[PDB]
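Numbering of residues begins at 1 and proceeds along the displayed sequence. Keep in mind that the numbers below use all heavy atoms, side chains included, and drop hydrogens, waters and symmetry copies.
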Amino acid sequence: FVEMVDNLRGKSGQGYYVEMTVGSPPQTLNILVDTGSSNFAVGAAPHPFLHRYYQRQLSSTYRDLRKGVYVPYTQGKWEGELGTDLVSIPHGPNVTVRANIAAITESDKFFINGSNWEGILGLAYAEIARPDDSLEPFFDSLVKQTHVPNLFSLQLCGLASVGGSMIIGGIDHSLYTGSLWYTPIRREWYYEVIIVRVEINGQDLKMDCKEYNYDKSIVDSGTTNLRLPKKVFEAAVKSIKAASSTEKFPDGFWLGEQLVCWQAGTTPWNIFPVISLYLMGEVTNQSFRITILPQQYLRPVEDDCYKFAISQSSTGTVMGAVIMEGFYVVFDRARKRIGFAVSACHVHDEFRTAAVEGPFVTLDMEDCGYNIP
Ligand SMILES: CC(C)(C)CCNC(=O)CCc1cc2cc(-c3ccccc3C#CCC3(NC(=O)c4ccc(F)cc4)CC3)ccc2nc1N
């Protein structure tokens with residue numbers, strides 16, 4: 001898997017993308033890696049934000065499916081035409097597959113002005129594909145048509161440029177330290193998981209664990225922050241504020257609306273607590289924990305200045321890039337489980353160490369799951 005190491009790039013706050021080729025002859029595009037959606041969709045007309053776009057009429061292997069696709073999101077959208085074509089990942093497995101492709105012809109609030117990606121690779125499951133779950137996602141096609149094993153793994157390493165690795169079809173031992181622990185994929189739609197306990201510097205938050213997963217918890221490379229359900233966010237912020245109270249911060253800092261700065265290299269990392277998320281384990285009544293250092297949740301932005309990268313959610317927990325940057329994450333689709341291990345590229349603390357540790361004894365973990373009617 002050495003050929004796939006370092007196949008991801010990005011810019012701060014703009015996501016991670018991988019190089020792909022589409023069509024015959026191959027058209028090279030940079031594609032955002034998104035575990036929180038399930039469509040393969042590419043700019044296919046000259047939106048001013050795009051470095052380049054897919055030109056479907058120049059591909060001899062493009063097949064028009066003669067069906068439109070429309071994907072609304074928070075008063076924005078992408079829209080276009082469905083087809084299939086041959087797709088490869090140059091720094092990936094040595095195969096080519098015929099996959100569904102959405103050729104985006106109109107959009108609002110989707111592309112980012114100044115980013116270096118032109119499309120999105122939705123790696124989640126068919127249930128959340130548009131227009132419906134009959135549109136087979138890319139990874140499903142990859143596994144069906146080739147001998148690539150049904151798993152991939154992500155090491156995201158944290159404008160300043162960014163990098164990482166997407167290992168397609170396996171695990172690279174060089175990308176983590178310590179042990180890999182697995183949590184079940186609760187259901188195949190999002191990469192849904194169940195958080196069973198939360199601690200701040202070892203202090204139990206002491207909430208009904210259902211609150212941690214209200215109304216779901218997902219692992220999402222398509223989101224920057226650790227996003228927490230409102231009630232949990234408020235409890236977490238209260239605790240982090242208490243821990244760090246020897247310094248004063250504007251109210252807006254805790255809302256992610258202003259920076260806090262310190263003289264070069266005098267950042268008081270010690271006053272910010274570690275956060276442990278306990279995840280449902282593979283065995284009955286067994287859990288494990290992942291521990292994130294403050295270096296994960298205080299995002300550097302151009303003194304050393306930082307933005308608070310924990311935010312409130314009204315649609316459940318989102319373990320975004322912030323969390324993922326601390327860990328090598330294994331999406332073991334074949335066995336309906338997600339693995340975590342400390343990332344070989346995570347940012348270290350002077351005196352404390354990140355961890356993925358277990359086992360713990362946690363009873364009635366099924367009750368931590370929220371039941372969306
Ligand atoms: C409902 C739908 C299928 C659209 C998404 C369901 N998923 C979520 O709600 C989780 C968050 C998310 C929202 C998304 C929204 C869209 C979308 C659809 C129509 C119009 C606009 C958008 C958008 C957006 C934001 C986005 N993400 C980033 O720009 C990004 C920024 C920083 C990062 F670190 C990672 C990603 C480009 C996907 C596309 C993919 C998404 N992927 C995601 N994981």
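Relative ring orientation between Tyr54 and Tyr62 is described as perpendicular, the plane-to-plane angle rising above 60° on a 0-90° scale split at 30° and 60°. Ring planes of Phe49 and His47: perpendicular class, angle over 60° (limits at 30 and 60°). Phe340 and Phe327 have perpendicular rings, their planes meeting at more than 60° on a 0 to 90° scale where under 30° would count as parallel. The aromatic rings of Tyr306 and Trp269 stand perpendicular to each other, their planes meeting at an angle above 60°, with 30° marking the opposite boundary. Taking the six-membered ring for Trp and thresholds of 30 and 60 degrees, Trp78 and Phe110 have ring planes inclined between 30 and 60 degrees apart.
At a threshold of 4.5 Å between non-hydrogen side-chain atoms, the residues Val356 and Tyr328 do not count as touching. Contact check for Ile101 versus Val42: side-chain heavy atoms found under the 4.5 Å cut-off. A 4.5 Å side-chain heavy-atom check between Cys368 and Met280 finds every atom pair outside the cut-off. Side chains of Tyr182 and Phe288 form no contact here, defined as non-hydrogen atoms less than 4.5 Å apart. Counting only heavy atoms from C-beta outward, the side chains of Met166 and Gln155 never approach each other to under 4.5 Å. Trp117 has its side chain out of reach of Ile31: every pair of non-hydrogen atoms, C-beta onward, lies at least 4.5 Å apart. In this structure the side chain of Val18 never reaches within 4.5 angstrom of the side chain of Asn30, judged on heavy atoms. Between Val97 and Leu86, every side-chain heavy-atom pair lies at or beyond the 4.5 Å cut-off.
Under the side-chain contact (heavy atoms from CB on, under 4.5 Å) test applied with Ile167, the options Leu151, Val5, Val330, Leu154 reduce to a single match, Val5.
A donor atom on one side chain and an acceptor atom on the other are found under 3.5 Å apart for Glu199 and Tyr278. Side-chain contact, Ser88 with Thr96: a donor N or O sits under 3.5 Å from an acceptor N or O. Side chain to side chain, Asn150 and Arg333 meet the donor-acceptor criterion of an N or O pair below 3.5 Å. Between the side chains of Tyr16 and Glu325, at least one donor N or O lies within less than 3.5 Å of an accepting N or O. For the residue pair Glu247 and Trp262, a side-chain donor N or O sits within less than 3.5 Å of a side-chain acceptor on the partner. In this model, a donor atom of one side chain and an acceptor atom of the other lie less than 3.5 Å apart for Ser141 and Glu136. Side chains of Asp85 and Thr61: a donor-acceptor N/O pair is present below 3.5 angstrom, by distance only. A donor atom on one side chain and an acceptor atom on the other are not found under 3.5 Å apart for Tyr191 and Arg186. Side chain to side chain, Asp132 and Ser134 meet the donor-acceptor criterion of an N or O pair below 3.5 Å. Counting only N and O atoms by type, the side chains of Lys11 and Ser161 include a donor and acceptor under 3.5 Å apart. Between the side chains of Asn100 and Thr84, no donor-acceptor pair of N or O atoms lies under 3.5 Å. Judged by distance alone, the side chains of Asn7 and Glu19 never bring a donor and an acceptor atom under 3.5 Å apart. With 3.5 Å as the limit, one finds a donor-acceptor pair spanning the side chains of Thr291 and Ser276.
Between atom CG of residue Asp140 and atom OH of residue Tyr125 there is a gap of 8.5 Å, rounded to the nearest 0.5 Å. Between atom CG of residue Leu226 and atom CE of residue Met319 there is a gap of 7.5 Å, rounded to the nearest 0.5 Å.
Atom CD of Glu127 has more than 12 heavy atoms from other residues, nucleotides or ligands within 6.0 Å. When the shell of 6.0 Å around CG of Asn94 is examined, it contains 12 or fewer heavy atoms from other residues, nucleotides or ligands. Within a 6.0 Å radius of CZ in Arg52, other residues, nucleotides and ligands contribute more than 12 heavy atoms. More than 12 heavy atoms of other residues, nucleotides or ligands shown are found within 6.0 angstrom of NZ on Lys336. No more than 12 heavy-atom neighbours from other residues, nucleotides or ligands sit within 6.0 angstrom of NE2 on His147. Heavy atoms of other residues, nucleotides or ligands lying less than 6.0 angstrom from CZ of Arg98 number more than 12.
Here the closest heavy-atom approach between residue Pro93 and residue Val148 is recorded as CB-CG2, 3.9 Å. Shown here for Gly36 and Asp220, the closest heavy-atom pair between the two residues is N-OD1, 3.1 Å. Of all heavy-atom pairs between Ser12 and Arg299, the closest is OG-NH1, 3.4 Å. Between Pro137 and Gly122, the closest heavy-atom pair is CB-O, 4.5 Å. Minimum heavy-atom separation, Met20 to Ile89: CE-CG1, 3.9 Å.
Under the 4.0 Å criterion applied to side-chain N and carboxylate O atoms, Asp215 and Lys210 are not assigned as salt-bridge partners. A salt bridge links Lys231 with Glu211; the closest basic N to acidic carboxylate O contact falls under 4.0 Å. For the pair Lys307 and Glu257, the salt-bridge criterion is not met [side-chain N within less than 4.0 Å of a carboxylate O]. Using a 4.0 Å cut-off between charged side-chain N and carboxylate O, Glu81 and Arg56 make a salt bridge.
Residues forming a ring-ring contact (aromatic ring centres under 6.0 Å, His included) with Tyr17 (at least two apart in sequence, or on another chain): none.
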Without placing hydrogens or testing angles, list every side-chain donor-acceptor pair under 3.5 Å for residues 170-178, not counting sequence neighbours.
unit_1	atom_1	unit_2	atom_2	d
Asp172	OD1	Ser174	N	2.9
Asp172	OD1	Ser174	OG	2.7

Which donor-acceptor pairs under 3.5 Å do side chains of residues 70-77 form with protein atoms, sequence neighbours excluded?
unit_1	atom_1	unit_2	atom_2	d
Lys77	NZ	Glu79	OE1	2.7
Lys77	NZ	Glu106	OE2	3.1

